[PDB]
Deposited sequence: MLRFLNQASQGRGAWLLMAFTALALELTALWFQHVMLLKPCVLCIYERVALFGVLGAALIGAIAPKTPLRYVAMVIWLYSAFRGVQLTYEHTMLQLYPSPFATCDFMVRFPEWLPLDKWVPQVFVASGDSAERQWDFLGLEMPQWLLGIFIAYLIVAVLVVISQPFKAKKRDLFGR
């Protein structure tokens, strides 16, 4: 089951990290939110959970759970706010991240040199969390 997500992770890890390079940095924050979540959960899955294709097999559900939860809410949010400008909402950059956890943005993001579409992928991947369980 590892290679199953690794194929997309290998390409998705890079592809996601690809189309954000020379294309012209174009940094933000909410951007880093899905990126740190997208990479964290996809990795946590292959990097670990997605490996025991035979026992209790259910370590990934928790990992996938977080993927979309954040994903769906990272997709279905600021985006809607954009056409319905609301007070609490505003602009931002970088965004803090206590509990140490090295760089996080100071590198995962800046370590390089229309996103609306991105919204559909996560919203879709959401159901993948349930079916994959087996």
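Residues 1-13, 127-141, 163-176 of the deposited sequence have no C-alpha coordinates in the structure.
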